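All remarks here apply to the structure that follows.
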Amino acid sequence: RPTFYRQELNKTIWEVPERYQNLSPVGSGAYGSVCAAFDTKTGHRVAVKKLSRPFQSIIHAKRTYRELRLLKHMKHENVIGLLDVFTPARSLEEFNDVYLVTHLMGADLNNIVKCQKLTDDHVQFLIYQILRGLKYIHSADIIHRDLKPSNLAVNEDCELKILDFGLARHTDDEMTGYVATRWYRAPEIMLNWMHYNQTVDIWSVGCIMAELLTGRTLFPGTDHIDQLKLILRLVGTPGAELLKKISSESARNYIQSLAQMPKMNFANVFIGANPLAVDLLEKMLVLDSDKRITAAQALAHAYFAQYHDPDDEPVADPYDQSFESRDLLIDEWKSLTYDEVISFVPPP
Ligand SMILES: CCNC(=O)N1CCN(C(C)=O)CC1
Ligand SMILES: [Cl-]
Ligand SMILES: [Cl-]
Ligand SMILES: [Cl-]
Ligand SMILES: [Cl-]
Ligand SMILES: [Cl-]
Ligand SMILES: [Mg+2]
């Protein structure tokens, strides 16, 4: 056991191992109660997150367990990993607090799309890295569910990591009106058309790739219905085959009230873009999720010829998510979480 010291951060007593020095908050609330520190064991600048009320309800205790299981599993160059996890508790009986430690990068995609000039070469390398990380994530049967520029970290050398996995978090108010929290979501999840699957993340990659090419949001809807009208004007209204797959009768009925529209010519929307970039956008932004290109198929597209290496695009170890259908009490979820804290092995 390391020695711990106490200090007042975010109006609360933080108790951390001596290895973590010069703590000071970061993200101004956007990431939670997360501080920047210097890790004297590794020499890295790190983010230390103190969970708030991790065991306050069955729902919160299971969310705590889900987040720690996911972060312990993810071991890939283009995905956030877990550097450390700790508790000052010396037994299960006094266990109350959980602290997560990750690497910290300098910026997010929002801070390079807004204020920088991107070559086609920059767009190739950024989208290549998102798809390499998604091949890995999807191989474990994990759905991200919330890819958008603020969830993509990027350094001075244009190297990218995926963070902030959807932990089933987002509220109705958070998705309402003129908000970036909804602009990257696939239509089948935005309007609850059907049971969704990993194809929702490829719709999001299309929206991000389009914004890197034009500097403008692809579908900046003012509400759910305005956004659907923007989507259907580009990709066309649904045909009888997709309408059959919308399990919600009322959602099917609303779609059929709209005048039919053909798919637009993407060369006339993305004026001057690399023809290979136009071709790949046409394969991602497909209304029927069954017919979208997958991450593994997209890596072999000619747009990425410069970067693609089929011997260096790794898949994940198997991930057991059977806990997601399990019904347990608060103290059972808390005991499962304690065992995952004490069994953690740091990376090389
Ligand atoms: C835009 C740069 N920010 C980051 O690199 N991340 C790393 C992961 N982290 C937490 C809570 O562990 C928050 C922020
Ligand atoms: Cl220490
Ligand atoms: Cl990492
Ligand atoms: Cl504790
Ligand atoms: Cl964003
Ligand atoms: Cl597992
Ligand atoms: Mg985020």
Side-chain angles (χ1 to χ4, degrees), residues 1-5 7-8 12-40 42-44 46-52 54-62 64-77 79-105 142 153 161-165 167 316-317 319-321 323 328-348:
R1 185 173 180 277
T3 298
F4 289 69
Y5 75 106
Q7 97 167 10
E8 199 207 341
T12 300
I13 295 312
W14 286 53
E15 188 164 2
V16 311
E18 296 185 300
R19 76 183 271 190
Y20 302 107
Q21 292 291 319
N22 307 323
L23 269 70
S24 162
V26 118
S28 44
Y31 301 127
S33 64
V34 188
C35 283
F38 182 70
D39 179 9
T40 63
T42 66
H44 312 301
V46 297
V48 185
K49 181 167 69 171
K50 180 182 180 180
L51 295 184
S52 44
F55 305 118
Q56 62 168 142
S57 77
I58 292 168
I59 302 244
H60 291 93
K62 184 189 183 183
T64 298
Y65 181 76
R66 175 190 294 121
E67 184 173 20
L68 179 58
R69 286 290 313 278
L70 196 294
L71 291 181
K72 292 186 56 182
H73 205 259
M74 297 286 97
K75 302 186 163 176
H76 181 105
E77 293 180 349
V79 183
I80 192 72
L82 191 62
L83 291 177
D84 199 14
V85 50
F86 65 81
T87 184
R90 316 167 103 102
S91 73
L92 175 58
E93 291 58 51
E94 61 184 53
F95 180 50
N96 290 297
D97 286 324
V98 177
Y99 297 78
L100 303 171
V101 186
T102 68
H103 260 148
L104 180 60
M105 275 153 296
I142 300 167
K161 288 189 203 294
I162 299 168
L163 46 137
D164 280 12
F165 284 72
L167 303 174
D317 285 343
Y319 184 59
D320 186 326
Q321 294 198 65
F323 72 90
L328 302 166
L329 296 183
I330 287 186
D331 276 345
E332 290 172 325
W333 285 118
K334 173 168 153 165
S335 181
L336 287 178
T337 300
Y338 187 69
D339 293 341
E340 289 291 329
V341 176
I342 73 176
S343 63
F344 176 77
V345 181

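Index from 1, following the sequence.
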Check: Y319 and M74 side chains under 4.5 Å, non-hydrogen atoms
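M74 does not reach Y319 side chain to side chain.
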
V341 versus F86: any side-chain heavy-atom pair under 4.5 Å?
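When only atoms from C-beta onward are counted, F86 and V341 do not touch, as no gap falls below 4.5 Å.
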
Examine distances only and state if a side-chain atom of [X] and a backbone atom of [Y] form a donor-acceptor pair shorter than 3.5 Å.
| X | Y | result |
| --- | --- | --- |
| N96 | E94 | yes |
| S335 | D331 | no |
| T40 | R19 | yes |
| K334 | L92 | no |
| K161 | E77 | yes |
| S24 | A36 | no |
| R69 | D320 | yes |

How about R90: does its CZ atom have over 12 heavy atoms from other parts shown lying under 6.0 Å from it?
no

[atom2] on [Y] to [atom1] on [X], rounded to 0.5 Å:
| X | Y | atom1 | atom2 | result |
| --- | --- | --- | --- | --- |
| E18 | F4 | CD | CZ | 10.0 Å |
| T64 | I330 | OG1 | CD1 | 10.5 Å |
| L163 | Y31 | CG | OH | 7.0 Å |
| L51 | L100 | CG | CG | 5.0 Å |
| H73 | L82 | NE2 | CG | 13.0 Å |
| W333 | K62 | CH2 | NZ | 5.0 Å |

Compare every heavy atom of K50 with every heavy atom of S33, then report the nearest pair and how far apart it is.
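Looks like OG-O, 2.6 Å.
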
Work out which heavy atom in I58 is nearest to a heavy atom in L328; give both atom names and the distance.
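The pair with the smallest heavy-atom distance is CG2-O, 3.8 Å.
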
Passing option when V85 is tested against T337, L68, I342, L71 for side chain to side chain contact (heavy atoms under 4.5 Å, CB included):
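Result for side chain to side chain contact (heavy atoms under 4.5 Å, CB included) with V85: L68.
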
With side chain to side chain contact (heavy atoms under 4.5 Å, CB included) as the test, would you mind laying out the steps for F165 and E67 before giving the verdict?
CA-CA 9 Å; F165 284 72; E67 184 173 20; over 6 Å; no

Side chain to side chain contact (heavy atoms under 4.5 Å, CB included) between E15 and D97: does it pass, once the steps are laid out?
CA-CA 9 Å; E15 188 164 2; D97 286 324; over 6 Å; no

Go through the steps for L83 and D39 under the test side chain to side chain contact (heavy atoms under 4.5 Å, CB included), then give the verdict.
CA-CA 10 Å; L83 291 177; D39 179 9; 5.7 Å; no

Measure the acute angle between the ring planes of [X] and [Y], then classify it against the limits of 30° and 60° as parallel, tilted or perpendicular.
| X | Y | answer |
| --- | --- | --- |
| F95 | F55 | tilted |
| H44 | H103 | perpendicular |
| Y99 | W14 | perpendicular |

Run the salt bridge (charged side-chain N to carboxylate O under 4.0 Å, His left out) test against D164 and tell me which residues pass, sequence neighbours left out.
none

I142 vs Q321, test: side chain to side chain contact (heavy atoms under 4.5 Å, CB included). Steps then yes/no.
CA-CA 9 Å; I142 300 167; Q321 294 198 65; 4.3 Å; yes

